[PDB]
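Any read-out appearing in this document is the output of simple, stated calculations on the displayed coordinates, not a laboratory observation. Please note: Cβ atoms are built from the backbone with ideal geometry, for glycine as well, and neighbour counts cover all protein chains shown.
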Amino acid sequence: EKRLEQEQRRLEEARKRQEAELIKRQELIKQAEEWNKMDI
Amino acid sequence: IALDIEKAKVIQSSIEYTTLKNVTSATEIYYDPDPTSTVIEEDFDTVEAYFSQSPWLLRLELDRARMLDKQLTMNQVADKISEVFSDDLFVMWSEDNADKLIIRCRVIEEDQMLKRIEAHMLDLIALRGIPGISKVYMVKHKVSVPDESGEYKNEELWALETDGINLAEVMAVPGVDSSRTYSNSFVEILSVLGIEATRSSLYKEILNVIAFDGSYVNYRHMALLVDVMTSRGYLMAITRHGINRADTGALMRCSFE
Amino acid sequence: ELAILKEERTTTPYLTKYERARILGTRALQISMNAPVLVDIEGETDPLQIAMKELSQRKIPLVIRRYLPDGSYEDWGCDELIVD
Amino acid sequence: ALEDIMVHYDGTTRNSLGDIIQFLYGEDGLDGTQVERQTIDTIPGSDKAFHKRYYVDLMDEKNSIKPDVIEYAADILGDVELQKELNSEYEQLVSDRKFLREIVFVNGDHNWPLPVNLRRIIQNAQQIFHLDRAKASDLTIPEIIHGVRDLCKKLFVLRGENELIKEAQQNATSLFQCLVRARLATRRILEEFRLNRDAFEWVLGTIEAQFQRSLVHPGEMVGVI
Amino acid sequence: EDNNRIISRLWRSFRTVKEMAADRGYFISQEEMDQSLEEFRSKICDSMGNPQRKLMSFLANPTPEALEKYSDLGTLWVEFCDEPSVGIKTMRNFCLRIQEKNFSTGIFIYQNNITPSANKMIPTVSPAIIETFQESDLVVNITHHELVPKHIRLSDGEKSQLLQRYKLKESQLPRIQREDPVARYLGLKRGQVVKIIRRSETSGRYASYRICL
């Protein structure tokens, strides 16, 4: 059970990191879409 | 696809190079001044049914047997000719139910020009398949794969072996395991997959040559040889043009050749 | 500069067969040229046999200098190299 | 083409210019004459056979070490720390099986030339110490585990405390360590070979010494060979 | 029909480019990595199904791990070119776009071929780096081949540690060409070292190093 708890903690940490990186990524996606619209 | 013979045959047909010359049985040139009719009585029915520029008629008869064997369509051949010649030639093709599969063409002193165009047609009209792959064979391979219980059990799978090499194009064909396509010409392997793949392929070829007659040579010797041949970033042939083009001492190099 | 300190010596601690052969040859030649013998000789007369007897007892007064590819070297005494 | 290539004192294989051909001769640093065909025991067989051969359970009585082969069979059942040690050993074995079966030898071939013949060493120990008879061994499980674990760290191909040197040293003996752990498992030692203590230290010392003797000698002209 | 196969090949090239950008250290969202073929047709193909290469251009920034390990990693701009043949004008305007938006690295994927004049202005785009790939050779990801081991670019500190450990000079390492397919996949610049961890039948695992040219 101790091993399972540690595994769950690490999984939650990884999930938080992925969410933060996705939040950062969406800004770049928006900028890219705006610039591609500008080129058109 | 590996475990199904029908899909494997479909892939084999899709890969092999086939040109118009492969299926063409004979070609002929006729004089016919009426674009809306013809002089030949045999082809008169088909052309009149179709109808319901230069007078020089260029026709050619396709072998029905091989045309069927290559799983081709008269419409496909006509479309290929039209694509390669745009609208510079008016093309009519007989139906599949005709006694002889024929296709007629017309230009929109030209006899020599027509002969040259016919030669070019027989030369470089590509119907389907990867260029450079002359022949393809179906081969059964025995592979030992762990079972659901972890036991290793033999298994038979279908694979293709070709004549001629085009690694980059064949790797891109859908239905082909692009992560395992292999060639016995490591120059192409170097041009496609890099230098480490060239090292592995070179070792495999050398081991194949040595071990064909049942002989065994320790791994480290062949490893050293293929590490020497590929240590400069490119294949260094074991000749004067490979060895003597190094930075070694002049006295050492002059003692060889 | 080029010499490597005794504490940082990283080569093998064993006497390679080439080093063993060269050491035996040099010691045999030196004995044949009337060098002092550092072990007691019972009844032996062959210089090579005396050299082998000296080597087995770690009494050969020679030093191996092992040259690294960059030019630096390590000095190993034949009395501190392990011999099979 | 290959004349001026020689194994140097740092283990690398270089030509006359000093250019590196290999970072370790034969990728393991061994001599061509000191290797033999051996079978790695963790590769073949079904999962059930592997589990039966290598797993040891100290809680279930009928899935434990037989009591007639060990003197201390009374105070073994129910121990949890010793079970932790056994579980670590079995996890190491499973990792070795996965590494060999999925990366190195995908086709499952398990007969490969490797240094120091283990079968010969074991039968020599059995003949030397008279390991016949139904006598019970006095070799405790922690001694087996710690001895094999320490042995797998004394197979020096490269000397030095550098981190990159340690990584190369660990890489150079992966297959051989897999072989050693496959042969010198706890269950196999206690049941199949029935070694006692003295035989066990003799086997460990012999393995280490023979491995040291099977390395390549600096100054080999391996290119000409 | 042929439109379907063209779209499929374009989708495969897009997936390969995204994988390449991920390998070089930049961050690509997991949802974008698994962006399937039907979604690609929905987003790119028009009413007649024709694709626009201009809608596929994207941007990426290095992950914190890659940024920490490699301090020279900037922003990456990847653009597909509509023109089947690229000339001096198109390369010049691409260079202008890179310079005005101060991108560290720009990848320019063309369709058929690149004129020699366009090739002659690639080295003069400093300090930004412009790398060109053909569409045909990106259909298959070569780094997923069986014969191709894993190449990892070494940082400057690791390269220094390597040269100190072996007491080497840069000319004494095994070499890898700059036009080598894996070298172009990793965007190797002259003087950089890749570590290759390789299968070995004598020791299991063997790590080799090569230096670019």
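Data table
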{"read-out": "Condition met for E:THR63 (in contact with a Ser or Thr (Cβ under 6 Å, 6 or more places away or on another chain), within 14 Å of chain A (Cβ to nearest Cβ) and β-branched (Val, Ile, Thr))", "value": "no"}
{"read-out": "Residues (β-branched (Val, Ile, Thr) and closer than 19 Å to E:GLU179 by Cα) located in region E:96-135", "value": "E:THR105, E:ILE107, E:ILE109, E:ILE114, E:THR115, E:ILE122, E:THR124, E:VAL125, E:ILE129, E:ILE130, E:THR132"}
{"read-out": "Test: residue in region C:22-40 that is within 14 Å of another protein chain (Cβ to nearest Cβ), part of a helix (DSSP H, G or I) and out of contact with any strand residue (DSSP E or B) (no Cβ under 6 Å at 6 or more places or on another chain)", "value": "yes"}
{"read-out": "Conditions (1) touching a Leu at 6+ places or on another chain (Cβ under 9 Å); (2) within 14 Å of chain D (Cβ to nearest Cβ); (3) not polar (S, T, N, Q): number failed by B:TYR234", "value": "(2)"}
{"read-out": "Subset tally (residues that are of a type in the set (A, V, I, L, M), more than 10 Å from chain B (Cβ to nearest Cβ) and assigned to a loop (DSSP other than H, G, I, E, B)) for region E:133-182", "value": "2"}
{"read-out": "Count - residues of region B:214-257 that are in contact with a strand residue (DSSP E or B) (Cβ under 6 Å, 6 or more places away or on another chain) and of a type in the set (D, E, K, R)", "value": "2"}
{"read-out": "Residue in region B:68-77 that is acidic (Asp, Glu) and closer than 30 Å to B:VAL170 by Cα present", "value": "yes"}
{"read-out": "Residue list for region B:152-171, filter: more than 14 Å from chain D (Cβ to nearest Cβ), surrounded by 14 or more Cβ atoms within 10 Å (Cβ to Cβ) and under 18 Å from B:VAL10 (Cα atoms)", "value": "B:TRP158, B:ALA159, B:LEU160, B:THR162, B:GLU169, B:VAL170, B:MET171"}
{"read-out": "Matching residues, region B:237-257, being in a loop (DSSP other than H, G, I, E, B), away from chain E (no Cβ under 14 Å) and of a type in the set (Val, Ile, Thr)", "value": "B:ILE238, B:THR239"}
{"read-out": "Filtered residues of region D:6-42 (kept if buried (at least 21 other Cβ atoms within 10 Å of the Cβ), aliphatic (A, V, I, L, M) and more than 9 Å from chain B (Cβ to nearest Cβ))", "value": "D:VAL7, D:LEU24, D:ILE40"}
{"read-out": "Yes/no for E:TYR26 being touching a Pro at 6+ places or on another chain (Cβ under 6 Å), over 18 Å from A:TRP35 (Cα atoms) and either within 12 Å of chain A (Cβ to nearest Cβ) or surrounded by fewer than 18 Cβ atoms within 10 Å (Cβ to Cβ) (or both)", "value": "yes"}
{"read-out": "Restricting region E:159-186 to residues that are small (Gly, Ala, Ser) and surrounded by fewer than 19 Cβ atoms within 10 Å (Cβ to Cβ), the residue that is farthest from E:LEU147 (Cα to Cα)", "value": "E:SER160"}
{"read-out": "Yes/no for B:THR198 being more than 7 Å from every other protein chain (Cβ to nearest Cβ) and crowded, with 20+ Cβ neighbours inside 10 Å", "value": "yes"}
{"read-out": "Residue that is surrounded by the fewest Cβ atoms within 10 Å (Cβ to Cβ), among those in region B:201-231 that are more than 12 Å from chain D (Cβ to nearest Cβ) and of a type in the set (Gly, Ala, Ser)", "value": "B:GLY214"}
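Residue by residue, here is whether (1) within 14 Å of chain B (Cβ to nearest Cβ); (2) touching a strand residue (DSSP E or B) at 6+ places or on another chain (Cβ under 6 Å); (3) loosely packed, with under 12 Cβ neighbours inside 10 Å holds:
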| residue | (1), (2), (3) |
| --- | --- |
| D:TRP112 | yes, no, no |
| D:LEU118 | no, no, no |
| D:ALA134 | no, no, yes |
| D:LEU151 | no, no, no |
| D:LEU155 | no, no, no |
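Per-residue answers, yes or no, for (1) within 14 Å of another protein chain (Cβ to nearest Cβ); (2) closer than 30 Å to E:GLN161 by Cα; (3) in a strand (DSSP E or B):
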position	(1), (2), (3)
D:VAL94	yes, no, no
D:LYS98	yes, no, no
D:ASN107	yes, no, no
D:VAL148	no, no, no
D:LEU164	yes, yes, no
